[PDB]
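Trainee: mind folding the following:
(one chain, ligands or ions: 2)
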Amino acid sequence: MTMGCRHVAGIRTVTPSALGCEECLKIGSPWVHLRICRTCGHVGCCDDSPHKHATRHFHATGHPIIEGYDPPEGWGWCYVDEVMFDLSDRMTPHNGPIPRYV
Ligand SMILES: [Zn+2]
Ligand SMILES: [Zn+2]
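Mentor: Residues are numbered from 1 along each chain as shown. Ligands and ions are numbered 1, 2, ... in the order given. The relevant structure is shown in the block below.
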């Protein structure tokens, strides 16, 4: 899909902390789509969502590469690069059934 930047060389297959955006789950609120780090395994709603968990989390932890978990297409977005590359065979397995609200 896209040439992976050096950041990709340090990402692995991780395990999600929840069945969706943990922050949204804390208040029982829906999400649009989910982005999980290929590092800490923590999930978050995209910046397309008004909650913006993935973006604030990125700034908080420094995890620039996220994967679409809610849409398990198998791609990795690197915030600092703005490039979306392929993770088709490395895609994170489901730890449960993700509640698609939207
Ligand atoms: Zn990068
Ligand atoms: Zn993270």
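
Trainee: part of a strand, is residue 55?
Mentor: No - counting by DSSP: H, G, I helix; E, B strand; the rest coil, residue 55 falls outside a strand, being helix.

Trainee: now for it, how many residues are close by?
Mentor: Residue 55 is flanked by 18 other residues according to other CB atoms under 10 Å. The way it works is simple: take the backbone N, C-alpha and C, and place the C-beta from them, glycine included.

Trainee: residue 91 now?
Mentor: Residue 91: 18 neighbours (other CB under 10 Å).

Trainee: please tell me how far the nearest residue to it once chain neighbours are set aside sits from residue 28.
Mentor: Leaving aside its sequence neighbours, residue 91 sits nearest to residue 74 (CB to CB, 6 or more residues apart in numbering; 4.0 Å). Distance, residue 74 to residue 28, by CB to CB, to the nearest Å: 29 Å.

Trainee: please apply the same query to residue 86.
Mentor: Relative to residue 28, residue 86 is positioned 34 Å away (CB to CB).

Trainee: how about residue 90?
Mentor: Taken as CB to CB, the span from residue 90 to residue 28 is 32 Å.

Trainee: who's more crowded, the two?
Mentor: Neighbour totals were compared for residue 90 and residue 28, and residue 90 leads with 14 against 6 (other CB under 10 Å).

Trainee: you'd agree residue 58 is up against residue 64?
Mentor: Yes - between residue 58 and residue 64 there is a contact under CB atoms under 8 Å: 6.4 Å.

Trainee: touching both of those two, which residues are there?
Mentor: Listed as contacting both residue 58 and residue 64 by CB atoms under 8 Å, 6 or more residues apart in numbering are residue 79.

Trainee: for residue 46, which non-adjacent residue is closest in space?
Mentor: residue 33 (4.8 Å).

Trainee: got phi/psi on that neighbour?
Mentor: Reported as degrees, to the nearest 10, the phi and psi values for residue 33 are phi -140, psi 160.

Trainee: ditto for residue 100
Mentor: Residue 100 adopts backbone torsions of phi -80, psi 110, taken as degrees, to the nearest 10.

Trainee: how about the nearest residue to residue 75 once chain neighbours are set aside, secondary structure?
Mentor: Nearest residue to residue 75 in three dimensions, chain neighbours excluded: residue 84, at 5.5 Å (CB to CB, 6+ apart). Three-state call for residue 84 (three-state DSSP): strand.
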